[PDB]
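A.B. asks: got a sequence here, can you build the structure:
(2 chains, ligands or ions: 4)
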Number of protein chains: 2
Amino acid sequence: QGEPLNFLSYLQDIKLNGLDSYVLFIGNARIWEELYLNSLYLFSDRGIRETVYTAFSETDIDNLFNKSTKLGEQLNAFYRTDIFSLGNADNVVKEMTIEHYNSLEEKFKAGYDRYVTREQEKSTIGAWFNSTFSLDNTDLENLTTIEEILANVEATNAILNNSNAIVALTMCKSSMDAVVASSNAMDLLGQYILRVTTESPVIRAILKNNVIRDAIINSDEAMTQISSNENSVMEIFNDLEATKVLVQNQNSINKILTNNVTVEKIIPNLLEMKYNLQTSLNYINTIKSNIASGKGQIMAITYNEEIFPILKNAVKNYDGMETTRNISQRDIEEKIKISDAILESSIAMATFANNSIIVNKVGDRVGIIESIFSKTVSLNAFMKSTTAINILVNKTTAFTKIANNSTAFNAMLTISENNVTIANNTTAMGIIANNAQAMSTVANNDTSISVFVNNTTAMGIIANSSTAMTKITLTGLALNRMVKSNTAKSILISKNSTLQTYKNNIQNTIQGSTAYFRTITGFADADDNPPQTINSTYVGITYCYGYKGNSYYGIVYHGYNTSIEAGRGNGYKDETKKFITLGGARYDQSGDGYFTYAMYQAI
Amino acid sequence: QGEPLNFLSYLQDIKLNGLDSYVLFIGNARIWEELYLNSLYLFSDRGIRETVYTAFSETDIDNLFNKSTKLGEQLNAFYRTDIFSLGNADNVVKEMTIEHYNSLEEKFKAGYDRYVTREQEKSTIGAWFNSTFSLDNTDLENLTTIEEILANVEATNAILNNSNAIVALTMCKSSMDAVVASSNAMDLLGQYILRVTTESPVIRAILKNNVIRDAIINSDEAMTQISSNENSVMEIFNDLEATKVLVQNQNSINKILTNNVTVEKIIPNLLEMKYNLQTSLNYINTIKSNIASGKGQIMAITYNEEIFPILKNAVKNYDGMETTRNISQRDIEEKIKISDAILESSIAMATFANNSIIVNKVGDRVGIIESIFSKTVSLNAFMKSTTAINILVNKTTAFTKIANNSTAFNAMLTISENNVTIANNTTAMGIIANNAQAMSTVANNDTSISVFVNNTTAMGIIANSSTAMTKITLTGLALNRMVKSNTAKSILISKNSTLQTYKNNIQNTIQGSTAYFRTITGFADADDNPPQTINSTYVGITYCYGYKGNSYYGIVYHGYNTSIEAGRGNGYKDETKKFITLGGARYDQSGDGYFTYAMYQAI
Ligand SMILES: [Mg+2]
Ligand SMILES: [Mg+2]
Ligand SMILES: [Mg+2]
Ligand SMILES: [Mg+2]
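C.D. replies: Numbering: from 1, shown residues only, chains lettered A, B, ... in the order given. Ligands and ions are numbered 1, 2, ... in the order given. Below is the structure in question.
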């Protein structure tokens, strides 16, 4: 037999009774201790593991650390590993690393902390560090508090450059509390990171350690060091939780943005990434169905309700492909989360929205603006930044994507100054004016259409776009605002034929939309010239023809410029001899003409 | 008698905890071994059997075979039987048969294999054989390799005349390889080994030597043995070159067809396989493009002209998928080759074409007939087998597929007896007559149409098919043969309206195809009744109308039965009052009628 029989009976009763076992009653602690100090089976019996971990009191963990002559073997059995050194707690602490420490559960982490505190409080902290890890530093020897150690750079680095001593230093709650409090220690810690940045396991283990991670990312000093090395920052964005901590600290964001490589290459790649990753994930999920089908072809050939033996490998291969594929999927789904952690941070997005290098990258790189559109926070941050729009209005591809995304377009138009920025850009206005959806949004947005029709550039382009005109001439609001604009009246009167193209749309919209137009003069016949009226809010509709259908002409000119003819006509009254006038009207005759005329006003 | 208490506690913990028991943790292997080497209760406790079998590592089974002094008792308890001899592994091996070996589960079969390999590959192979199976041979005692044994005739004969020693020999890959390698290999296989075992290892080792393979596959004796074991035959079709040798020997094909499992299950699967494999290969090649695209998405995110480090794994994963996929592809491409080796063998195909079980499988199983169509040899073998066609004419789906495949249809019609078989089958004739493509092939095939139009069944169906008729009435050859047929003339004159439906087709085909029709009498007008002519190869075309367009009737009757009216007409000459007569014509009038008539003859 390996262990005594009563130990086996104790394990049986623990399995059968959980925490209700007589073994785990406080009154029987004496035997319970004897078990966990001497049994290996207790720590290798997974079927009771959940109970055992719960049963361990703080005193029990202290007893383990202080008394067990095989704490290493018991930890190795308890975590199904071999990473811990054999023997008592001193052998375990001597070979402990941050990675191996992170493999521990909470109770054993706390046990490590308390044990190291006890051992330091026996002798002195400096002498304990020096002798335990053989740091061979006499300066450290005579230091009696953690503050005295942090005042000495030589001793601090002697500790930090030891994989085990750093675990002792960082994972002792009080000691760590001093390190966070010291402005100098943080700096040294930051420098430590820079040295390890190319030892991938070490840096990854550091970033998976919540205490060190959180202290480093939120430290002004440490980040200052780390930001200088783009490859260190790279490792932070390779870890989801570290990224989540980072994108919630304004100061650390600014710090990493002090590095030109980070700004130019790392951040745009992190933004561009989600689009490429989602596309790759679509291909992965297509491969899943293709694997299922190709395997189903093989499965259909049966032999005693089993696979046809000659094809057995063909099945196994298809399963292998399904394994690796699944792996791929997981990995990709992880990286997307990282992107989502960045895109969902208003702190990180707003800042990026006011950085001109990053916004130029958004404009230049296919995929970044798609990723930005994939989240509300990132979308609003960029669409509502007048700086970002001021840059992006010159990026035709990105701005076309904005104009086609109704949500991003509407978000962009919530800022008036963005409307002004757009109006003064010939390219952008050219895109919008020839986009039926966008022009539909603009025509029903008072601010946007009011800015556009009163801007010489935008209104110049709109007048040359049959799409935009159409929409505007069918919308009461837009037609009202356009009629009131002197810029629009001037441009349209210089392009009279374009104006008259939409005479029916204009008549119908004016007469229909009483919310935006009122009648000044109902239709009336006139043998002699009616008195001219000039008012920059007026719209006239005038039938010109001859008296009793003779061959003499009625002529109508715009009110906003009474020298520009809007139209003329002889013969009989007719829908083709009916003309729109802007800003009023002036009436004239060549011979005995005749008019049937009405006047309206934009409210 | 009785087992120690800790063993009972171990069994109890195994029951309570399954694989989570401390007993089954690798770190406690020492006690686990001590259990399974010394306990029978472990092997007779059915309540934990599934766990125990799962817990056994390869090393554990090796330890059992090497060290247990009661392997026989433990095997008997574990399989609730008495077939294994008592004592250690040597006693068990001494009485082992193929029957008892096959009753073992995979782990213990593998254990037997590894144990006998270890014992034979030592320098005590001769002594082990000698003592284990009680061969009373002192020469064998001192032989140290299998080659030294095969050089000695006495020792070989001592071993081979023991069936169990042969089992031990055959389950050891290297030893078997020597037997295949030995100069008198054939003899040894013929006289001793094959009689006792045709199992998979034997056939596998035989197939690695081209000479021994070819001799075995072409041996009437050996095949007779091998054919009785369907799983041995399975191993031959799992090897391309062995299949290529097999499908070139008529006698060996017949031998393997003496096994009903081979005929009913193995051969149809080998035939059905190519279709499923080609479909799976299409899916594989789609996966190739999907992997390329999904990887290209990741490759586009660069950093100093290298992959963005955060995505490095995403690249490797995509390469891994490309590795496994490629493996899959090769394997599938191999199996197709095997199918092609079978389909391209006229010997193997012809034989299968005259096996009613296999032909019924061809008719019943989707995929087999496509595979057969995929190769010229296999297609011609089945389409030209009158037995196969005699079965397939009753398989509606398969025969429709034949009728739609122009190549298979044309191949089938090269055999006259196949035409006879089809003509007398209502189903088949129903499919062909309503298939415009097939009827096109038939109408231009002298033999097929000649058989069809002279058969009361086929000709009965053709007369009711507007498709078939159409084709026939537009083809000189077919119309000639149909006109000459007395069966067809009888059926068609009994269906006079159906005949007259195609009067224009018939007129055009007769006048156009001078190769198949000649004019006896050019069109001529007639006031009085022309003299009747009767000839079973004649076709008449007769316009019937009134004299000078009056309301009196001309009437025309068929020559083959001068009492059956073909048509009548009054008024003026007209294309609707024109009638076909078969076998000659008889003319009559109701009042002063009038005719314009011509007579033709099928050459
Ligand atoms: Mg007048
Ligand atoms: Mg006048
Ligand atoms: Mg007459
Ligand atoms: Mg007459």
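A.B. asks: relative to ligand 1, how far out is the most centrally placed residue in chain A?
C.D. replies: In chain A, the residue lying closest to the centroid (Cα atoms, centre = their mean) is residue A:343, at 0.8 Å. Look at residue A:343 and ligand 1: by Cβ to the ion, to the nearest Å, they are 71 Å apart. (Each C-beta comes from the backbone N, C-alpha and C, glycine too.)
A.B. asks: so who does that residue touch?
C.D. replies: A:271, A:274, A:349, A:371, A:372, A:374, A:375, A:377, A:378 (Cβ atoms under 8 Å, 6 or more residues apart in numbering or on different chains).
A.B. asks: got it, and residue A:371?
C.D. replies: A:271, A:272, A:273, A:274, A:275, A:339, A:343, A:378.
A.B. asks: type out the ChimeraX command that picks the buried ones from the contacts of residue A:343.
C.D. replies: In ChimeraX syntax, the buried subset of the contacts of residue A:343 is picked out as below (16 or more other Cβ atoms under 10 Å in any protein chain shown):
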select /A:271,274,349,371,372,374,375,377,378
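A.B. asks: turn the contacts of residue A:343 into a markdown table, columns for secondary structure and distance to residue A:194.
C.D. replies: Converted to a markdown table, the contacts of residue A:343 look like this (DSSP: H, G, I helix; E, B strand; the rest coil; distance: Cβ to Cβ, whole Å):
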| residue | secondary structure | distance to residue A:194 |
| --- | --- | --- |
| A:271 | helix | 26 |
| A:274 | helix | 29 |
| A:349 | helix | 28 |
| A:371 | helix | 30 |
| A:372 | helix | 32 |
| A:374 | coil | 34 |
| A:375 | coil | 33 |
| A:377 | helix | 32 |
| A:378 | helix | 31 |
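A.B. asks: tell me how chain A divides into domains.
C.D. replies: For chain A, automatic domain parsing gives the domain ranges A:1-55, A:58-161, A:182-255, A:261-343, A:470-603.
A.B. asks: can you tell if the first one touches chain B?
C.D. replies: So the one you mean is domain A:1-55. Yes. Using Cβ under 8 Å from any Cβ of the partner chain, domain A:1-55 reaches chain B at A:1-2, A:5, A:8-9, A:11-12, A:15-16, A:40-42, A:44-49.
A.B. asks: can you say which of those residues are buried?
C.D. replies: Using 16+ other Cβ under 10 Å as the threshold, A:2, A:8, A:11-12, A:15, A:40-42, A:44-49 are the buried ones among these.
A.B. asks: quick one: the strands in the stretch 301-450 of chain A?
C.D. replies: Secondary structure of the stretch 301-450 of chain A (DSSP state E, counting those that start in this stretch): strands located at A:302-303, A:306-307.
A.B. asks: those strands: which one's closest to ligand 4?
C.D. replies: With Cβ to the ion as the measure, strand A:302-303 is the member of these nearest ligand 4 (82.8 Å).
A.B. asks: re earlier: columns mean neighbour count and distance to residue B:470 on top of the strands of the stretch 301-450 of chain A, output as a markdown table?
C.D. replies: Below are the strands of the stretch 301-450 of chain A laid out as a markdown table (neighbours: other Cβ atoms under 10 Å in any protein chain shown; distance: least, Cβ to Cβ, whole Å):
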| stretch | mean neighbour count | distance to residue B:470 |
| --- | --- | --- |
| strand A:302-303 | 14 | 45 |
| strand A:306-307 | 13 | 50 |
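A.B. asks: any idea which of those gets closest to ligand 3?
C.D. replies: strand A:302-303 (79.5 Å).
A.B. asks: residues making contact with that closest one?
C.D. replies: The contact list for strand A:302-303, computed with Cβ under 8 Å, 6+ apart, reads A:308, A:309, B:265, B:266, B:269.
A.B. asks: next, give me the two most distant ones among those residues.
C.D. replies: Taking every pair in these and measuring Cβ to Cβ, the maximum separation is 10.9 Å, between A:309 and B:265.
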